[PDB]
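Below, all heavy atoms of this structure are taken into account, side chains as well, without hydrogens, waters or symmetry copies. Here is how names work: the chains are called A, B, and so on, in the same order as the sequence lines, proteins then strands, and each is numbered from 1.
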Amino acid sequence: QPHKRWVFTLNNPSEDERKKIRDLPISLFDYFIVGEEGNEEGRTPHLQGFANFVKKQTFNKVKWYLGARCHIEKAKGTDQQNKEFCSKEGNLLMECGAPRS
DNA sequence: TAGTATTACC
Ligand SMILES: [Mn+2]
């Protein structure tokens with residue numbers, strides 16, 4: 001049930017929610033990336049994220065760390081694929097660690 | 001899994 005690797009989307013993040021995530025300790029993660037997306041024409045600003053935790057984490061622990069309003073899923077793709085997907089719009093909020101095999 | 005949404009990796 002608890003799982004090491006999760007993606008997340010957070011739609012219309014507020015400055016508070018961005019700070020919560022910004023302020024996460026980097027010791028929590030083997031790899032973590034968060035991109036700001038959805039800022040272009042007629043479209044929803046959101047965080048596009050991926051977390052590879054040091055330890056496996058339950059669904060509700062992940063929501064505690066990242067925020068109540070996040071949509072989260074067990075990651076099916078590799079760290080590298082997620083790194084590319086969450087970097088695709090060119091405005092990264094944070095990235096720490098390195099992608100893992 | 002719940003929450004926010006059409007954004008969400010393979
Ligand atoms: Mn996106």
Side-chain angles (χ1 to χ4, degrees), chain A residues 1-39 42-101:
Chain A
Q1 303 255 355
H3 217 98
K4 218 181 165 285
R5 294 166 71 257
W6 299 79
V7 306
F8 77 99
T9 306
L10 179 53
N11 276 304
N12 285 309
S14 68
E15 276 314 309
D16 274 3
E17 302 178 281
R18 188 184 280 96
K19 176 191 203 269
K20 182 176 170 62
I21 293 171
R22 176 86 280 205
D23 292 6
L24 288 157
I26 72 159
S27 57
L28 271 168
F29 311 106
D30 286 333
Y31 181 57
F32 189 52
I33 185 166
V34 182
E36 315 267 341
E37 296 184 337
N39 287 305
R43 167 165 155 79
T44 296
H46 57 293
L47 301 190
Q48 204 68 70
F50 169 74
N52 184 353
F53 290 97
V54 176
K55 294 166 171 60
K56 291 163 78 180
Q57 302 280 350
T58 73
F59 171 95
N60 278 116
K61 273 308 208 302
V62 181
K63 295 216 62 196
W64 164 231
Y65 292 125
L66 296 174
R69 302 181 54 257
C70 288
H71 171 90
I72 78 177
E73 316 175 353
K74 183 262 298 184
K76 310 210 181 83
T78 70
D79 287 24
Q80 189 50 47
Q81 279 156 355
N82 272 280
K83 169 173 172 61
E84 290 166 358
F85 191 74
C86 307
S87 314
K88 72 187 175 292
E89 296 191 12
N91 179 14
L92 286 190
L93 175 74
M94 43 193 300
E95 182 183 13
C96 55
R100 310 298 161 106
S101 43

So what does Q81(A) hit on the nucleic acid, given a heavy-atom distance under 4.0 Å: a base, only sugar-phosphate, or nothing? sugar-phosphate
Using purine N1 to pyrimidine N3 plus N6-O4 or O6-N4 for Watson-Crick, or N1-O2 and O6-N3 for G-U wobble, each under 3.5 Å, what pairs with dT6(B)? none
Just call it for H71(A): base, sugar-phosphate, or nothing, with non-hydrogen atoms closer than 4.0 Å on any strand. base
Once you round it to whole Å, what is the distance between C1' of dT1(B) and NZ of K61(A)? 15 Å
If you only use heavy atoms from C-beta on, which nucleotide in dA2(B), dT7(B), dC10(B) is closest to the side chain of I72(A)? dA2(B)
Determine the interatomic distance between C1' on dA8(B) and the same-named atom on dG3(B); round to the nearest Å. 12 Å
Rounded to whole Å, please give me the gap between CD in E73(A) and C1' in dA5(B). 12 Å
So which heavy atom on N52(A) is nearest to which on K4(A), and how close? OD1-NZ, 2.7 Å
Integer angstrom distance from the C1' of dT7(B) to that of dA2(B): 16 Å
Just to confirm, is there a sub-4.0 Å distance from OP1 or OP2 of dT6(B) to any side-chain nitrogen or oxygen of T9(A)? no
Heavy atoms under 4.0 Å, any strand shown: does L10(A) hit a base, just sugar-phosphate, or nothing? nothing
Any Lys/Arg nitrogen of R18(A) or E15(A) sitting under 4.0 Å from an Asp/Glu carboxylate oxygen of the other? yes
By centroid distance (under 5.5 Å) and plane angle (under 30°), are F59(A) and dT1(B) in a stacked arrangement? yes
Any cation-pi pair here, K55(A) with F53(A), using under 6.0 Å and within 45°? no
Specify the separation, in whole Å, of atom CG of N12(A) and atom P of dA8(B). 14 Å
What is the distance, to the nearest angstrom, from the CD atom on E17(A) to the P atom on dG3(B)? 14 Å
Distance check needed: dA8(B) P versus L66(A) CG, whole Å only. 16 Å
Ranking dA5(B), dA2(B), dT1(B) by distance to the side chain of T44(A), first place goes to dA5(B)
Distance-only donor-acceptor test (3.5 Å): side chain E84(A), base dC9(B): no
May I ask you to evaluate whether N60(A) reaches the phosphate of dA2(B), defined as a side-chain N or O under 4.0 Å from OP1 or OP2? no
Of the non-hydrogen atoms in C86(A) and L92(A), which two are nearest, and what is the gap between them? O-CD2, 3.5 Å
Classify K63(A) by what it touches in the nucleic acid, base, sugar-phosphate, or nothing, heavy-atom distance under 4.0 Å. base
Using whole Å, report how far CZ of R43(A) lies from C1' of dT6(B). 10 Å
To the nearest angstrom, how far is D79(A) atom CG from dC10(B) atom P? 13 Å
Within one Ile-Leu-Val-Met-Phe-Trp-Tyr cluster: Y31(A) and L28(A), side-chain cutoff 4.5 Å: no
When the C1'-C2'-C3'-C4' sign is the only test used, does the sugar of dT4(B) come out north or south? south
Over all strands shown, is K88(A) touching base, sugar-phosphate only, or nothing at heavy-atom distances under 4.0 angstrom? sugar-phosphate
Less than 4.0 angstrom from a charged side-chain N to a carboxylate O is my criterion; do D79(A) and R5(A) meet it? yes
With a 4.0 Å cut-off on heavy atoms, is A68(A) in touch with a base, just the backbone sugar-phosphate, or nothing at all? sugar-phosphate
Please report the distance, rounded to the nearest Å, between NZ in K83(A) and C1' in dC9(B). 14 Å
When you measure from the side chain of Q1(A), which nucleotide among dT6(B), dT7(B), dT1(B) comes out closest? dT1(B)
So which one's nearest nucleotide on DNA chain B is more toward 5', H46(A) or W6(A)? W6(A)
Can a side chain N or O of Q48(A) be found less than 4.0 Å away from OP1 or OP2 on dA8(B)? yes
Rounded to the nearest 0.5 angstrom, the CG-CD distance for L10(A) and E37(A) is 12.0 Å
Under 4.0 Å between a side-chain N/O of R69(A) and OP1 or OP2 of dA5(B), yes or no? yes
